[PDB]
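Student: Contents of my_file29.pdb (PDB, C-alpha atoms) are below:
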ATOM      1  CA  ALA Q   1     128.782 -42.033   7.482  1.00  0.00           C
ATOM      2  CA  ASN Q   2     128.734 -43.294  11.088  1.00  0.00           C
ATOM      3  CA  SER Q   3     130.435 -46.688  11.209  1.00  0.00           C
ATOM      4  CA  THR Q   4     128.326 -47.252  14.319  1.00  0.00           C
ATOM      5  CA  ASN Q   5     125.122 -47.474  12.276  1.00  0.00           C
ATOM      6  CA  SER Q   6     123.808 -50.992  11.899  1.00  0.00           C
ATOM      7  CA  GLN Q   7     122.542 -51.945   8.477  1.00  0.00           C
ATOM      8  CA  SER Q   8     118.859 -51.709   9.446  1.00  0.00           C
ATOM      9  CA  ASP Q   9     119.475 -48.119  10.521  1.00  0.00           C
ATOM     10  CA  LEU Q  10     121.120 -47.443   7.172  1.00  0.00           C
ATOM     11  CA  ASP Q  11     118.000 -48.807   5.497  1.00  0.00           C
ATOM     12  CA  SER Q  12     115.864 -46.404   7.524  1.00  0.00           C
ATOM     13  CA  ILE Q  13     118.053 -43.486   6.462  1.00  0.00           C
ATOM     14  CA  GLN Q  14     117.706 -44.614   2.853  1.00  0.00           C
ATOM     15  CA  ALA Q  15     113.930 -44.645   3.260  1.00  0.00           C
ATOM     16  CA  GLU Q  16     113.915 -41.035   4.443  1.00  0.00           C
ATOM     17  CA  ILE Q  17     116.221 -39.960   1.617  1.00  0.00           C
ATOM     18  CA  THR Q  18     114.013 -41.672  -0.951  1.00  0.00           C
ATOM     19  CA  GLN Q  19     110.954 -39.846   0.321  1.00  0.00           C
ATOM     20  CA  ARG Q  20     112.780 -36.518   0.082  1.00  0.00           C
ATOM     21  CA  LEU Q  21     113.703 -37.254  -3.528  1.00  0.00           C
ATOM     22  CA  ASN Q  22     110.106 -38.200  -4.289  1.00  0.00           C
ATOM     23  CA  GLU Q  23     108.985 -34.819  -2.986  1.00  0.00           C
ATOM     24  CA  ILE Q  24     111.652 -33.108  -5.087  1.00  0.00           C
ATOM     25  CA  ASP Q  25     110.383 -34.687  -8.286  1.00  0.00           C
ATOM     26  CA  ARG Q  26     106.841 -33.794  -7.238  1.00  0.00           C
ATOM     27  CA  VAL Q  27     107.823 -30.136  -6.882  1.00  0.00           C
ATOM     28  CA  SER Q  28     109.605 -30.229 -10.229  1.00  0.00           C
ATOM     29  CA  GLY Q  29     106.775 -31.712 -12.252  1.00  0.00           C
ATOM     30  CA  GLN Q  30     103.635 -30.461 -10.613  1.00  0.00           C
ATOM     31  CA  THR Q  31     104.179 -26.747 -10.031  1.00  0.00           C
ATOM     32  CA  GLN Q  32     102.274 -24.571 -12.491  1.00  0.00           C
ATOM     33  CA  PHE Q  33     101.323 -21.000 -13.317  1.00  0.00           C
ATOM     34  CA  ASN Q  34      98.186 -20.023 -15.222  1.00  0.00           C
ATOM     35  CA  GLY Q  35      98.017 -23.699 -16.225  1.00  0.00           C
ATOM     36  CA  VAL Q  36     101.506 -23.983 -17.748  1.00  0.00           C
ATOM     37  CA  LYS Q  37     104.247 -25.908 -15.966  1.00  0.00           C
ATOM     38  CA  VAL Q  38     107.444 -24.023 -15.141  1.00  0.00           C
ATOM     39  CA  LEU Q  39     110.296 -26.335 -14.139  1.00  0.00           C
ATOM     40  CA  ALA Q  40     109.603 -29.592 -16.005  1.00  0.00           C
ATOM     41  CA  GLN Q  41     112.346 -28.597 -18.465  1.00  0.00           C
ATOM     42  CA  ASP Q  42     115.112 -26.147 -19.169  1.00  0.00           C
ATOM     43  CA  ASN Q  43     113.162 -23.192 -20.501  1.00  0.00           C
ATOM     44  CA  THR Q  44     113.693 -19.778 -22.075  1.00  0.00           C
ATOM     45  CA  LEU Q  45     111.255 -16.869 -21.961  1.00  0.00           C
ATOM     46  CA  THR Q  46     111.140 -13.233 -23.092  1.00  0.00           C
ATOM     47  CA  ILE Q  47     108.809 -10.677 -21.508  1.00  0.00           C
ATOM     48  CA  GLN Q  48     107.986  -7.539 -23.490  1.00  0.00           C
ATOM     49  CA  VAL Q  49     108.701  -4.616 -21.161  1.00  0.00           C
ATOM     50  CA  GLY Q  50     108.874  -1.790 -23.711  1.00  0.00           C
TER      51      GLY Q  50
ATOM     52  CA  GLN I   1      78.906  37.165 -64.108  1.00  0.00           C
ATOM     53  CA  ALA I   2      81.386  37.560 -61.262  1.00  0.00           C
ATOM     54  CA  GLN I   3      78.620  36.889 -58.741  1.00  0.00           C
ATOM     55  CA  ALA I   4      77.741  33.682 -60.583  1.00  0.00           C
ATOM     56  CA  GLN I   5      81.290  32.400 -60.225  1.00  0.00           C
ATOM     57  CA  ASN I   6      81.226  33.171 -56.507  1.00  0.00           C
ATOM     58  CA  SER I   7      77.904  31.380 -55.948  1.00  0.00           C
ATOM     59  CA  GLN I   8      79.048  28.254 -57.769  1.00  0.00           C
ATOM     60  CA  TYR I   9      82.110  28.014 -55.551  1.00  0.00           C
ATOM     61  CA  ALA I  10      79.908  28.444 -52.489  1.00  0.00           C
ATOM     62  CA  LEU I  11      78.087  25.272 -53.549  1.00  0.00           C
ATOM     63  CA  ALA I  12      81.325  23.432 -54.313  1.00  0.00           C
ATOM     64  CA  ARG I  13      82.656  24.251 -50.845  1.00  0.00           C
ATOM     65  CA  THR I  14      79.430  22.975 -49.305  1.00  0.00           C
ATOM     66  CA  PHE I  15      79.838  19.525 -50.834  1.00  0.00           C
ATOM     67  CA  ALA I  16      83.582  19.399 -50.164  1.00  0.00           C
ATOM     68  CA  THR I  17      82.920  20.009 -46.469  1.00  0.00           C
ATOM     69  CA  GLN I  18      80.297  17.263 -46.460  1.00  0.00           C
ATOM     70  CA  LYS I  19      82.732  14.634 -47.655  1.00  0.00           C
ATOM     71  CA  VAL I  20      85.662  15.916 -45.589  1.00  0.00           C
ATOM     72  CA  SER I  21      83.819  15.715 -42.276  1.00  0.00           C
ATOM     73  CA  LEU I  22      82.374  12.306 -43.086  1.00  0.00           C
ATOM     74  CA  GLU I  23      85.895  10.999 -43.654  1.00  0.00           C
ATOM     75  CA  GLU I  24      87.306  12.540 -40.475  1.00  0.00           C
ATOM     76  CA  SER I  25      84.738  10.746 -38.320  1.00  0.00           C
ATOM     77  CA  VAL I  26      85.594   7.191 -39.349  1.00  0.00           C
ATOM     78  CA  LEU I  27      89.261   8.157 -39.496  1.00  0.00           C
ATOM     79  CA  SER I  28      89.252   9.029 -35.801  1.00  0.00           C
ATOM     80  CA  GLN I  29      87.563   5.751 -35.078  1.00  0.00           C
ATOM     81  CA  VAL I  30      90.196   3.985 -37.213  1.00  0.00           C
ATOM     82  CA  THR I  31      92.895   5.498 -35.043  1.00  0.00           C
ATOM     83  CA  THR I  32      91.036   4.140 -32.026  1.00  0.00           C
ATOM     84  CA  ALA I  33      90.801   0.653 -33.492  1.00  0.00           C
ATOM     85  CA  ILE I  34      94.455   0.541 -34.520  1.00  0.00           C
ATOM     86  CA  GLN I  35      95.420   1.540 -30.989  1.00  0.00           C
ATOM     87  CA  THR I  36      93.307  -1.159 -29.321  1.00  0.00           C
ATOM     88  CA  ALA I  37      94.644  -3.827 -31.669  1.00  0.00           C
ATOM     89  CA  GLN I  38      98.100  -2.563 -30.755  1.00  0.00           C
ATOM     90  CA  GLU I  39      97.412  -2.935 -27.050  1.00  0.00           C
ATOM     91  CA  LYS I  40      96.197  -6.501 -27.447  1.00  0.00           C
ATOM     92  CA  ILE I  41      99.247  -7.289 -29.568  1.00  0.00           C
ATOM     93  CA  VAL I  42     101.498  -6.039 -26.771  1.00  0.00           C
ATOM     94  CA  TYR I  43      99.619  -8.510 -24.589  1.00  0.00           C
ATOM     95  CA  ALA I  44     100.371 -11.273 -27.077  1.00  0.00           C
ATOM     96  CA  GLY I  45     103.953 -10.495 -26.112  1.00  0.00           C
ATOM     97  CA  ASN I  46     103.106 -11.609 -22.582  1.00  0.00           C
ATOM     98  CA  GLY I  47     105.483 -14.493 -21.926  1.00  0.00           C
ATOM     99  CA  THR I  48     103.166 -16.246 -19.483  1.00  0.00           C
ATOM    100  CA  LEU I  49     100.250 -16.914 -21.843  1.00  0.00           C
ATOM    101  CA  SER I  50      98.979 -20.465 -22.221  1.00  0.00           C
ATOM    102  CA  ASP I  51      97.924 -21.606 -25.669  1.00  0.00           C
ATOM    103  CA  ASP I  52      94.214 -21.645 -24.804  1.00  0.00           C
ATOM    104  CA  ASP I  53      94.367 -18.125 -23.390  1.00  0.00           C
TER     105      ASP I  53
END
Just give me the structure as structure tokens.
Tutor:
Amino acid sequence: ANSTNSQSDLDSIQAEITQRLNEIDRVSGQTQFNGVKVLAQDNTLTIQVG
Amino acid sequence: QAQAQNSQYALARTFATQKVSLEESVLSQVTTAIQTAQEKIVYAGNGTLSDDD
């Protein structure tokens, strides 16, 4: 939000933000457990504890 | 005559015991098998299993 930034600097900031978002989607899709993915959707799971 | 009755029931008891014991054996093993199948069912309840596992 600095009005002092020149537009090239803003473009640099946008680059960094884009790379962060890329990593976020990587984490979302690619994490797994036992071979099954965990977070690539809204999910619902019951464990049998009795 | 009385003795004859007693002897015949001795024999009958012999064969009854034969069959009874033979049943009990496999029955105990049946209990075992039911219990193991139970345990692996409870593992089917595991909510982390993948379809291939």
Student: Specify as a list in words all residues of chain Q found within 12 Å of chain I, counting all atoms listed in the file.
Tutor: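 Output check: residues 32, 33, 34, 35, 36, 37, 38, 43, 44, 45, 46, 47, 48, 49 and 50 of chain Q.
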Student: Centre and edge lengths, as AutoDock Vina command-line options, for the axis-aligned box enclosing every listed atom of range 26-34 of chain I with 6 Å of padding on each of the six sides, in Å to one decimal?
Tutor:
--center_x 90.0 --center_y 4.8 --center_z -35.8 --size_x 20.9 --size_y 20.5 --size_z 19.5
Student: Residues at most 7 Å from residue 29 in chain Q, counting all atoms listed in the file, excluding those fewer than 2 positions away in the same chain, as number ranges by chain?
Tutor: Q: 25-27, 31, 39-40
Student: CA of residue 19 in chain I and CA of residue 37 in chain I, how far apart in Å?
Tutor: 27.2 Å
